[PDB]
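Student: Below you'll find the sequence and an experimental structure to go with it.
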Amino acid sequence: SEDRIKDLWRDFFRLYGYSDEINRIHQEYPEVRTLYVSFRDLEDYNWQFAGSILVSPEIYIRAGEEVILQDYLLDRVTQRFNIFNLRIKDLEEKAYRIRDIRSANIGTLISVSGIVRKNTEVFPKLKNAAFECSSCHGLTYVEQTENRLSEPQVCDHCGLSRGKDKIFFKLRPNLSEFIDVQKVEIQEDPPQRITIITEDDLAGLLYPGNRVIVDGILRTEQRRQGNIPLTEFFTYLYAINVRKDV
Ligand SMILES: [Zn+2]
C-alpha cells in the first residue's frame, strides 16, 4: 500500500533526526529541493523497508518525496512548484560491473562504476507542465516522466474532459517548470559502456576522464531502425547518487 509506505517514511524521518535538515531545506525551497538519506539509517530502521527500496526505488522514493512535500514543505508548495528530490546515499557497503548487468536488474537500484568518456550539453526538460483549458482557461499541471509529453484528460478547475466535452489543452511552457538534464556515457576501467542520465542538481557534474561510482535505477530504452519500432532495447542508468575520485 502507498499509505503504508508513506507511513514508514514518516516515522523514519522523525526517528533518525532528518526533520531538522528538512526544516532547513524548507527555508530555501524551492531553490534547494534535495535531501540525501543514508541507506545505513534505512537498514537500521527496518531492513525489509530498506530492501524494498532497492527493489522498487521509483515507487518508494516517490512516496518519500510526497511525505516531504505534504508534511514538511506544504506552505511553500503550489500546483507549479512541487518538485523534490529524495536521494539515497551510503550504499557502498550494501554493485555491478557494466558487463555483468542483466535484465533481472531492470527497475532496481544498483551501483555502477566506470570512467566518463562523453557527455551531452546540459539541456532543459519539461518537468511540471502547465496546460491551459480551452473552456475555463484555468491551468492544470501534469508531471512529466516520459520522453513524450503527457497531456491531461480532465481540467482540474472546471472538471470538463477531452473525451466527453471535447475540450483541448494548450501547453504553456513559460508557466511550466523545467529541470536540467545531461547524458553521460561511462566505460569500464580497462570495455563496455553505459549511459547515465543525470538530472537537476546532478546535471553538469561529470566530465570526460572522471572516475565515477553511480547509484541509480536501471532503465531500458528502445532501439529504433529509423522510424520502425524494434523489440531490441538497451539499458541505461538513471542517477540517484554520484561520487567521484581521482
Ligand atoms: Zn477548464
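Tutor: On my side now, so go ahead. Residues are numbered from 1 along each chain as shown.
Student: Which other helices and strands does the strand ranked longest in the chain contact?
Tutor: Identified as the longest strand of the chain according to DSSP state E is strand 228-245. Taking 3 or more CB pairs under 8 Å, 6 or more residues apart in numbering; DSSP states H and E as the contact definition, the neighbouring helices and strands of strand 228-245 are strand 85-89, strand 109-119, strand 193-199, strand 211-225. All C-beta spots, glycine's among them, are computed from the backbone N, C-alpha and C.
Student: Could you list the buried residues of stretch 33-40?
Tutor: Buried positions in stretch 33-40, judged by neighbour count with 16 or more other CB atoms under 10 Å: 33, 35, 37, 39, 40.
Student: Restricted to helices, list the residues you listed.
Tutor: Members of these lying in helices (criterion: DSSP state H): 39, 40.
Student: nearest to the ion, of the buried residues of stretch 33-40?
Tutor: The ion has its nearest neighbour among the buried residues of stretch 33-40 in residue 33, at 28.8 Å by CB to the ion.
Student: Could you pick out the residues of this structure near the ion for me?
Tutor: Proximity of the chain to the ion is confined to 133, 135, 136, 138, 155, 157, 158 under the rule CB under 5 Å from the ion.
Student: Compare those residues and tell me which has the most neighbours.
Tutor: Most neighbours among these, by other CB atoms under 10 Å: residue 155, with 23 neighbours.
Student: Bridged to residue 38, which residues?
Tutor: Applying DSSP bridges to residue 38 gives these bridge partners: residue 89.
Student: Surely it and residue 90 touch.
Tutor: Yes - counting by CB atoms under 8 Å, residue 38 sits close enough to residue 90 to count as a contact (4.4 Å).
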